[PDB]
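*Asks:* This is the structure I want to talk about, given as structure tokens.
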Ligand SMILES: C[C@H](O)c1nccn1CCCc1ccc(Cl)cc1
Ligand SMILES: [Cl-]
Ligand SMILES: [Zn+2]
């Protein structure tokens, strides 16, 4: 059967919050079967646990943010994408600060962290959410939708009105795999625009943002001196952001996702609509690896 996976070992990392600007200590730990991904705030007495699930999402305004009354864990999306990307079902994440470290602004460093620690198979069946019929959410000009598909396919369409794009709209479509995710989606960086610089920092946002952890874009061009890791990097990161946000569903998706000028707010808006719509999904497990559609890196 296709089994659940967890970390073989403990790993530690250290970095800075993009929005907060604080130093943060991050620890990753193996966890028991059916635990899912739990986020732990170790700088509080007692320790506070916010599970990584769609129903705990609070603020979605410029990042995906989990809420347990007083306490928050912020900017979870990139880390949760690496974890979905390598098929990590169960892990404890400990943070010493309110926000997850931005690192290089991509899922690459977390992928490096998970591969070095290693994957551990567990003696329990891996469960998936299968999309049985279409679900959609619209917020004026923006849109997002789950459709039935035999595997995992993420598609994105972005219609910026910035000179950097030459009047055109950006599109990329990915057929998800563990191999395709790491070379194809995982190195795609976070981006800011010069023209949000007043607005951004008035509300205490991107306090830790720099050319070292994001694409900084001036009106004329991309200021980062070696340019872009991918020609289509902006849109591959919007795909990195979704994959991460959808994994708060608690389980791998057999289905297709399509985004049209969508973001964290709508992505979370879509999950909740799907959970409510019980007729549009079911949970499934696989007796045989050959019968299962979606392919993961082997430990
Ligand atoms: C944080 C979120 O994951 C995300 N992905 C792409 C853009 N964003 C929003 C980041 C906002 C941001 C604003 C300014 C700067 Cl310098 C850097 C980042
Ligand atoms: Cl807090
Ligand atoms: Zn992002």
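Residue numbers (my numbering): 10 to 308.
Backbone N, C-alpha and C fix where the C-beta goes; we use that ideal spot for every residue, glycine too.
Quick one: residues in its chain with C-beta nearer than 7 Å to the C-beta of residue 63, no 5 flanking neighbours on either side, listed in chain order?
*Replies:* 257, 258, 277, 280, 281, 284
*Asks:* Given a cut-off of 8 Å, decide if residue 186 and residue 102 are closer than it, judged by their beta-carbon atoms.
*Replies:* No, these two residues do not count as a Cβ contact at 8 Å.
*Asks:* Would you say residue 81 touches ligand 2, meaning its beta carbon is less than 7 Å from a heavy atom?
*Replies:* yes
*Asks:* On the CB-based measure, 16 or more other CB atoms within 10 Å of its CB, does residue 99 come out buried or exposed?
*Replies:* buried
*Asks:* Return the CA-CA distance between residue 260 and residue 113, expressed in angstroms with no decimal places.
*Replies:* 27 Å
*Asks:* Can you tell me the Cα-Cα spacing of residue 271 and residue 195, whole angstroms?
*Replies:* 19 Å
*Asks:* Go ahead and pull the three-state DSSP assignment for residue 295.
*Replies:* coil
*Asks:* Can you have a look at residue 264 and say buried or exposed, based on whether 16 or more other CB atoms are within 10 angstroms of its CB?
*Replies:* buried
*Asks:* So does the segment 18-37 actually touch the segment 210-219, counting three or more Cβ pairs closer than 8 Å?
*Replies:* yes
*Asks:* Using the beta carbon as the reference atom, which residues fall closer than 7 Å to any heavy atom of ligand 3, ordered along the chain?
*Replies:* 86, 87, 199, 246, 249, 250
*Asks:* If you run the structure through DSSP and keep just helix, strand and coil, what is residue 282?
*Replies:* Three-state DSSP puts residue 282 in a helix.
*Asks:* Within this structure, are the beta carbons of residue 244 and residue 173 separated by less than 8 Å?
*Replies:* No, they are not a contact pair.
*Asks:* Report whether the distance from the Cβ of residue 227 to the nearest heavy atom of ligand 1 is below 7 Å.
*Replies:* no
*Asks:* Which same chain residues, not among the five before or five after residue 94, have their C-beta less than 8 Å away from its C-beta?
*Replies:* Closer than 8 Å at Cβ, skipping near neighbours: 116, 120, 187, 190, 191, 194, 195, 252.
*Asks:* How many Å lie between residue 305 and residue 162 at the Cα?
*Replies:* 14 Å
*Asks:* Can you round the beta-carbon distance between residue 3 and residue 37 to whole angstroms, since I take them to be within the 8 Å contact cut?
*Replies:* The requested residue 3 is not part of the displayed model; the chain covers only 10 to 308.
*Asks:* Have a look at the DSSP bridge pairing and note the partners of residue 24.
*Replies:* Residue 24 is bridged to 33.
*Asks:* Which same chain residues, not among the five before or five after residue 246, have their C-beta less than 7 Å away from its C-beta?
*Replies:* 197, 198, 199, 200
*Asks:* Which residues in the same chain as residue 58 place their Cβ atom closer than 6 Å to its Cβ, once the five residues preceding and following it in sequence are excluded?
*Replies:* Excluding its 5 nearest sequence neighbours in each direction, residue 58 has C-beta neighbours in its own chain below 6 Å: 47, 49, listed in chain order.
*Asks:* Indicate whether residue 266 and residue 155 have their beta-carbon atoms separated by less than 8 Å.
*Replies:* yes
*Asks:* Alpha carbons only, please: which of 78, 128, 34 is nearest the one belonging to residue 18?
*Replies:* Relative to residue 18, the option among 78, 128, 34 whose CA is nearest is 128.
*Asks:* From the DSSP output, which residues share a beta bridge with residue 128?
*Replies:* 16
*Asks:* Just to confirm before moving on: does the CB-CB distance between residue 303 and residue 135 stay below 8 Å?
*Replies:* no
*Asks:* Quick one: grab the DSSP three-state call for residue 256.
*Replies:* helix
*Asks:* Can you list, in chain order, the stretches of the alpha helix (DSSP H) that have 4 or more residues and sit fully within the segment 211-245?
*Replies:* Counting only unbroken stretches of 4 or more residues, no alpha helix (DSSP H) element lies wholly within the segment 211-245.
*Asks:* Classify residue 153: buried if its beta carbon has 16 or more other beta carbons within 10 angstroms, exposed otherwise.
*Replies:* Burial is judged here by how many other beta carbons sit within 10 angstroms of a residue's own beta carbon; residue 153 has at least 16 and is buried.
*Asks:* Between residue 67 and residue 81, what straight-line distance do the alpha-carbon atoms span, to the nearest angstrom?
*Replies:* 9 Å
*Asks:* For residue 241, tell me which candidate among 273, 179, 295, 297 has the shortest Cα-Cα distance.
*Replies:* 179
*Asks:* Assign residue 167 to one of three DSSP states: helix, strand, or coil.
*Replies:* In the structure shown, residue 167 sits in a strand (DSSP, three-state: E or B).
*Asks:* Could you check if residue 168 is buried or exposed, using at least 16 other CB atoms within 10 Å of its CB as the buried criterion?
*Replies:* Residue burial annotation: residue 168 is exposed, with fewer than 16 other C-beta atoms found within 10 angstroms of its C-beta.
*Asks:* Got a sec: does ligand 1 put a non-hydrogen atom nearer than 7 Å to the Cβ of residue 117?
*Replies:* no
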